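Cβ atoms come from the backbone with ideal geometry, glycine included; neighbour counts cover every protein chain shown. Read-outs: derived from the displayed coordinates by stated rules, not from any lab.
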Protein chains: 2
Amino acid sequence: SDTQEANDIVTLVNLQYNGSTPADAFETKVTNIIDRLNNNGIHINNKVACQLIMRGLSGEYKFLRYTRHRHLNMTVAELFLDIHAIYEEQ
Amino acid sequence: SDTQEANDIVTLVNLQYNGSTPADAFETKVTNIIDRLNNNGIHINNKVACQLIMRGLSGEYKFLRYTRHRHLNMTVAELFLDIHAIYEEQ
C-alpha cells in the first residue's frame, strides 16, 4: 500500500493487549509489522520493539514492563514466550 | 536515554498540531525526532515522515492532508513551509 509504513508504525504504537485476543494472533500481528517495516527500510530492533510491545501491555501482563529493566538484550521472541506462557494459564 | 527511540516514535505518532504552538517549535521538534531516529538507525524517509506529520495535523491545517495527494516526493521542509505560511496568517 501507498500508506504502508505509516500505518504499521501507528499500529505498533497503539498496541493494547490485555488477555482477550489469543497470543497467536497478537504475536504474528506484531511479528508482521516489524517484518514489513524492516522490508521497507525501517528497522525496529529487538530493544526498541520490545519496549513498544510492553508499552500498552496491560492487565495481568502489565508488569512485564517492570522486569524488562533487568532483561537487557531481550528478544521479541523471548518476550512473547512470556506472554504465551501467561495466556496458557487463563 | 535507554528509552530514547521508543519515546521518539510515540511522540511522532501522537503529534497533534492545530495552531497554538509556534511553527518554529513544532518544526524543530519534529525535525529533531526524525534526525535522532535516523541517527539511531530508524530511517524515517521524507514520504513516510510527512505522512506521519500530516496525520494529526488538525484545525485549519487539516487541508494539507488533502493537497498531499498532488504533493508526491514532498520534503519535510516543504511541508513545514506550508505550515509556517498558514501560521503567519493567524
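Being within 14 Å of another protein chain (Cβ to nearest Cβ) and closer than 17 Å to A:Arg65 by Cα is the filter here; which residues of segment A:1-28 pass it? Walk me through it before giving the result.
Keep residues of segment A:1-28 that are within 14 Å of another protein chain (Cβ to nearest Cβ), which gives A:1-16.
Result: A:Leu12, A:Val13, A:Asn14, A:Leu15, A:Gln16.
Residue by residue through segment B:43-54, note down the ones that are in contact with a helix residue (DSSP H, G or I) (Cβ under 7 Å, 6 or more places away or on another chain) and either part of a helix (DSSP H, G or I) or loosely packed, with under 15 Cβ neighbours inside 10 Å (or both). Write out each step before concluding.
Let us first name the residues in segment B:43-54 that are in contact with a helix residue (DSSP H, G or I) (Cβ under 7 Å, 6 or more places away or on another chain), namely B:44, B:46, B:48-54.
Scanning segment B:43-54 gives B:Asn46, B:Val48, B:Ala49, B:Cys50, B:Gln51, B:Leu52, B:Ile53, B:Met54.
For every residue, the table says whether it meets (1) under 20 Å from A:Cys50 (Cβ atoms); (2) in contact with a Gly (Cβ under 7 Å, 6 or more places away or on another chain); (3) of a type in the set (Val, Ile, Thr).
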| residue | (1), (2), (3) |
| --- | --- |
| B:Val10 | yes, no, yes |
| B:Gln16 | no, yes, no |
| B:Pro22 | no, no, no |
| B:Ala25 | no, no, no |
| B:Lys29 | no, no, no |
| B:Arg36 | yes, no, no |
| B:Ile42 | yes, no, yes |
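Any residue at all in segment A:68-77 that's among the β-branched types (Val, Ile, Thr), touching a residue at least 40 places away in the same chain (Cβ under 8 Å) and within 21 Å of B:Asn14 (Cα to Cα)? Step through it out loud before you land on a result.
Pass one, segment A:68-77, residues among the β-branched types (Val, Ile, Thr): A:75-76.
This time we only want the ones that are touching a residue at least 40 places away in the same chain (Cβ under 8 Å), so: A:76.
Still in the list and also within 21 Å of B:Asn14 (Cα to Cα): none.
No; the residues of segment A:68-77 include none that is among the β-branched types (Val, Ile, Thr), touching a residue at least 40 places away in the same chain (Cβ under 8 Å) and within 21 Å of B:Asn14 (Cα to Cα).
Somewhere in segment A:55-69, is a residue surrounded by 14 or more Cβ atoms within 10 Å (Cβ to Cβ), farther than 20 Å from A:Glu5 by Cβ and of a type in the set (A, V, I, L, M)?
yes
Identify, by number, the condition in (1) surrounded by 17 or more Cβ atoms within 10 Å (Cβ to Cβ); (2) in contact (Cβ under 8 Å) with a residue 24 or more places away in the chain; (3) within 14 Å of chain B (Cβ to nearest Cβ) that A:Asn40 doesn't meet.
Result: A:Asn40 passes all but (1).
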